[PDB]
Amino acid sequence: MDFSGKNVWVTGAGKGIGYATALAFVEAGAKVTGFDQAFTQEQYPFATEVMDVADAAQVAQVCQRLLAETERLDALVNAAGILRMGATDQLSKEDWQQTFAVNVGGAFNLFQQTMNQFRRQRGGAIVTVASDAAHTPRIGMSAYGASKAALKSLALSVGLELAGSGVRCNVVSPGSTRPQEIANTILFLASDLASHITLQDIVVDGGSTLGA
């Protein structure tokens, strides 16, 4: 798609959608930094920064160091997330808390660290990965879906806060994990092809929500 000379951040980049998206931006010519709670392999095709999105103080330290060295952040992709399933009244409190800590608190921490960069640079793009579970109640995914609804809500709110600065802020809502297809939708929303698309949420699940 040609993101050459563009600086791109992708969270949850160690695995799944985040990894696929980081690889896609690399192939499109972008300078990519991938962030994750930890990295397993010894070698990655993008720059790696250990950063758990759920850890506010760590996100603070890492982002603050990186932003001091970068002239602009062309795209931020929030793709970190965890899935913990169970009936609402059977879900453990640990699972409930970690679900929200990662799925909502993570993007919140990123937004707290990056919003001023977006304001000052006056443009760029944010893509946040939610879930079709945020659109329709799914069996066993009450907490997951709820956290992903909060994430989508937060993403559009940040979109409104950054609209005056010319930042496009969109959401992708995948179904059950395919990662390469999600990556294609993220790249599109991050590209100049989508320059008048903001506050939108594209559901990529083969029509499962029937337009919801």
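Numbering starts at 1 and follows the sequence shown.
K.L.:
With respect to the deposited sequence, is there a break between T177 and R178 in this entry, and if so is it 1 to 3, 4 to 9, or 10 or more residues, or none at all?
P.N.:
Gap between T177 and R178: 10 or more residues without coordinates.
K.L.:
When the Cα temperature factors in the entry are averaged, is it 47-55 or 66-74 that ends up higher?
P.N.:
Per the PDB record, 66-74.
K.L.:
Looking at the deposited entry, does 167-175 or 38-46 carry the larger mean Cα B-factor?
P.N.:
Between 38-46 and 167-175, it is 38-46 that shows the higher mean C-alpha B-factor.
K.L.:
Specify which of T21, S195, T11, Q200 carries the largest Cα B factor in the deposited PDB entry.
P.N.:
That would be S195.
K.L.:
Highest CA temperature factor in the entry: which of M115, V104, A130, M141?
P.N.:
Each of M115, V104, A130, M141 was compared by C-alpha B-factor; the highest is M141.
K.L.:
Among all modelled residues of this chain, ranked by Cα B factor, put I182 in the bottom, middle or top third, i.e. lowest, middle or highest.
P.N.:
Top third by C-alpha B-factor.
K.L.:
Is the Cα B-factor recorded for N109 in the lowest, middle or highest third of its chain?
P.N.:
Ranked within chain, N109 CA B lands in the lowest tercile.
K.L.:
Once the chain's modelled residues are ordered by C-alpha B factor and cut into thirds, is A28 in the lowest, middle or highest one?
P.N.:
Highest third, going by the recorded CA B-factors of the chain.
K.L.:
Looking at the entry's B-factor column for C-alpha atoms only, identify whether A125 ranks in the lowest, middle or highest third of its chain.
P.N.:
It belongs to the middle third of the chain when residues are ordered by C-alpha B-factor.
K.L.:
Which third, lowest, middle or highest, does the C-alpha temperature factor of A79 belong to within its own chain?
P.N.:
It falls in the bottom third of the chain.
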